[PDB]
Amino acid sequence: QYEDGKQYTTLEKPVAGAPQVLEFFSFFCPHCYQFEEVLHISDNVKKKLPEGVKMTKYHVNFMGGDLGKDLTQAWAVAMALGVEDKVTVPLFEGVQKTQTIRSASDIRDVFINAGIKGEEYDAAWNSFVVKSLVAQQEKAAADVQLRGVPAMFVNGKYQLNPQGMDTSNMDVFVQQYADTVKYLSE
Amino acid sequence: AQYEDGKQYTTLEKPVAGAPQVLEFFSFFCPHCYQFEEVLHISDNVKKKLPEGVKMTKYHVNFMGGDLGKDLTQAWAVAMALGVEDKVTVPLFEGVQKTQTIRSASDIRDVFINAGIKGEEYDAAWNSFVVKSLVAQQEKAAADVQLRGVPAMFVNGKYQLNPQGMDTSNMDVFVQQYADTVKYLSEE
Amino acid sequence: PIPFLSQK
């Protein structure tokens, strides 16, 4: 039942040295909100990964304009500080549900309210590590010729195809997705 | 208030004949639809400012959540057919997005049962021609306005509400401005 | 509103 073209597709131009499991998203994308807040795709993929396999998640900025750019930089900060689990929900809800996030300042507020120190955030924001992480996210998207989100890539070789999975039951969907990633990783 | 085309609303280049007077589209999956309904009470506040001779219509969309989204559109058709929208709207939004207890069509069914719609009555409605027609009606309406996202509201098949062109700093003010805009476009 | 699908 695991067929190229069905649950996944193969990249014409594989990416050397890519992260083992690579997810792209945007805080502006309603489909990404579905993936993260309702389906919890990342969490369920993680649960089924072999112990020696790490998940990487990058923000994309082809949607949202200048604030999209700021959100990619904020995600770098989140990665540099290791606070992804503290800010994902409030950033998603702030952009898409309440629509309270409209500037870089609004983004900063979310980090503070999440328990991340104010001097910590500003040092991170302006750091070379974050500059590097922004470029890293941009390089990865370009390397896989990314044209849409959400997206997930395994070993720089395979792209997940949620269109080929069953969507009548959200639990069934999530587990078919998680199992595909595991099959491609193994 | 001063009402400007391009500000509080936009004018369809391709108007629709025979469209509901005030037509709202939503998805039970959409967080901003959740915000509109469960938090801001946009529909209720719009209704308050309309003469009661101006009917409000609300349709579900299926372009969100795959086959489950289609099932929710069919369930909304059951709600409309049986006149129980005001009983099922809150538990459906809560079930899909908050408690995450709605994962399939059987969970939707249980919400209707708990709202007072017997299982056999729900199933009858689910499989009825009236409900099949209502599904097709919801789909057709979305296609007739080239709909790509939600929440959205259309007036007289001629205008689309433009919340982005309204004052969004104060939510009480936003709701009044939104509802007043619908009134102005309808009082035509 | 913004379209649901996120391309380009």
Side-chain angles (χ1 to χ4, degrees), chain A residues 7 25-44 63-67 88-103 105-106 109-110 148-150 160-178 180, chain B residues 25-40 42 61-75 92-110 147-152 162-166 168-171 174-175 178:
Chain A
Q7 302 88 359
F25 80 116
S26 166
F27 286 113
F28 279 106
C29 180
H31 199 5
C32 291
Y33 190 105
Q34 176 77 359
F35 261 46
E36 184 60 23
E37 312 291 290
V38 188
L39 298 169
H40 308 272
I41 287 285
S42 309
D43 294 353
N44 281 276
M63 58 198 303
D66 290 344
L67 190 65
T88 299
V89 176
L91 290 167
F92 263 125
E93 294 189 356
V95 174
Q96 296 193 38
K97 182 179 178 185
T98 56
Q99 298 194 160
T100 48
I101 296 172
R102 284 175 277 255
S103 71
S105 177
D106 302 330
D109 283 325
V110 163
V149 285
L160 274 281
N161 188 42
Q163 287 302 305
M165 302 168 184
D166 297 318
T167 57
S168 289
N169 182 297
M170 286 195 295
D171 295 316
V172 172
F173 175 74
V174 167
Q175 298 314 317
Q176 280 176 9
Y177 195 105
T180 303
Chain B
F25 290 99
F26 79 109
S27 167
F28 279 113
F29 286 116
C30 178
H32 202 228
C33 288
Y34 181 101
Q35 182 76 0
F36 266 34
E37 179 65 20
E38 310 287 281
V39 182
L40 299 175
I42 287 291
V61 305
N62 68 25
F63 54 68
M64 228 158 279
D67 287 353
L68 216 206
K70 286 189 180 174
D71 283 334
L72 281 155
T73 299
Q74 192 162 348
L92 288 172
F93 266 121
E94 287 304 301
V96 171
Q97 287 188 51
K98 288 291 168 292
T99 60
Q100 298 169 202
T101 45
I102 298 172
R103 307 256 106 189
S104 72
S106 60
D107 301 317
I108 302 166
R109 181 170 183 276
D110 192 65
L147 195 68
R148 299 257 238 277
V150 286
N162 200 48
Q164 74 192 313
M166 296 169 39
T168 57
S169 301
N170 187 309
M171 282 301 88
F174 171 77
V175 170
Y178 195 101

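A note on names: the letters A, B, ... follow the listed sequences, proteins ahead of strands, and every chain is numbered from 1. These values consider heavy atoms only, across backbone and side chains, with no hydrogens, waters or symmetry-generated copies.
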Note to self: Shorter than 4.5 Å, heavy atoms on both sides: which option in B:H32, B:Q35, B:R103 has the most such pairs with chain A?
What the structure shows: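 The residue among B:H32, B:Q35, B:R103 with the greatest pair count is B:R103.
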What's the shortest heavy-atom distance between [X] and [Y], and which atoms?
| X | Y | answer |
| --- | --- | --- |
| A:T167 | B:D67 | OG1-N, 2.8 Å |
| A:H40 | B:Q100 | NE2-NE2, 2.9 Å |
| B:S104 | A:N169 | CB-ND2, 3.4 Å |
| B:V96 | A:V38 | O-CG1, 3.9 Å |

Margin query: Between A:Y33, A:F173, A:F92, who has the most heavy-atom pairs with chain B when the cutoff is under 4.5 Å?
Written below: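 If we count pairs closer than 4.5 Å to chain B, A:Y33 comes out on top.
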Notebook entry, point to check: Rounded to the nearest 0.5 Å, how far apart are OG1 of A:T98 and CG of B:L40?
Noted result: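 It comes to 10.0 Å.
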Item checked: Side chain / backbone / both / neither for A:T100 at chain B, heavy atoms under 4.5 Å ->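 Contact with chain B is absent: no heavy atom of A:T100 under 4.5 Å.
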Margin query: Does any backbone or side-chain atom of A:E37 lie under 4.5 Å from a heavy atom of chain B? Answer side chain, backbone, both or neither.
Written below: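 Interface part for A:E37: backbone (N, CA, C, O).
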Check: Which atoms of B:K98 come close to chain A, meaning under 4.5 Å heavy atom to heavy atom: side chain ones, backbone ones, both, or neither?
Finding: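 Contact with chain A is through the side chain of B:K98 alone.
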